[PDB]
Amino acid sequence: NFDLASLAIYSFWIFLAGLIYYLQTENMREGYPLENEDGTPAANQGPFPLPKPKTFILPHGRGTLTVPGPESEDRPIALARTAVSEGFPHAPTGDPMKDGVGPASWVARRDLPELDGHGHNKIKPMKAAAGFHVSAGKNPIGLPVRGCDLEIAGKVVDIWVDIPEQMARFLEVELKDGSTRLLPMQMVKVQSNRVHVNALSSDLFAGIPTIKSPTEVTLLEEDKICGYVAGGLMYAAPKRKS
């Protein structure tokens, strides 16, 4: 009536309830405790406790991160509460593209470049990566870059490539006024004669944030560049036709 097989399956469901509870607390190491829409801690936090802290040791002497810890956005958030009660949207109080909110948001990451295994810059533009070149598909360097209004914004002058992983992560585009911005690889459609970008119209390339160096990008600069560009999908909608 109470088998060993019977004992095994009751045991397993008990292990399972403990495994799920363990797994859930492990995924509460970012973002928790939950907050009310005014930034103060919410009363009802769920029935799983916060996890005891753990520590990663960054290579090449870059410090130790410990999660969970005190969370700070570390930047001004340009949005207004619109509602007496909770649960409603929050209004951009500015240029949400320039202010970095909504689908245009970025994160206050360390203002350094990602570092590969031997400690070198992880992303370098081809002009400075000792050894690299193009090997298949249409080579975009030289090609004109075109936005969602169907006007041109400049030309590809380089490719920023992943040194250890050997892939292209950015196009470097030169603007009508002669400066340059980085285009994320994922956000472009390379073709036989051009390079097309639905994210932005020609006139919003000038607002892609700019780098403090011509052969290194930083993690904080990568977040600003990419958040801006994807935010164009919503915020550059008036330009977009067809």
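Residue numbers run from 1 along the displayed sequence. By rigid core we mean the largest C-alpha set that fits within 1.5 Å across both forms.
Comparing 127-135 with 166-174 by root mean square Cα distance to the shown form in 9 other deposited structures of this protein, with the rigid core used for the fit, gives 127-135 as the more displaced stretch. Two stretches, 188-196 and 33-41, are weighed by how far their CA atoms sit from the shown form in 9 other deposited structures of this protein after rigid core superposition; the farther one is 33-41. Checked against the record, the higher mean CA B factor of 53-61 and 173-181 lies with 173-181. Of the two segments, 99-107 and 79-87, the one listed with the higher mean B-factor is 79-87 (C-alpha atoms only). Placement of the Cα temperature factor of residue 30 within the chain: lowest third of the modelled residues, per the deposited record.
The PDB entry assigns residue 165 a C-alpha temperature factor belonging to the lowest third of its chain's modelled residues. For residue 145, the recorded CA temperature factor ranks within the middle third of the chain's modelled residues. Ranked against the other modelled residues of its chain, the C-alpha B-factor of residue 94 as given in the entry falls in the lowest third. The PDB entry assigns residue 123 a C-alpha temperature factor belonging to the middle third of its chain's modelled residues.
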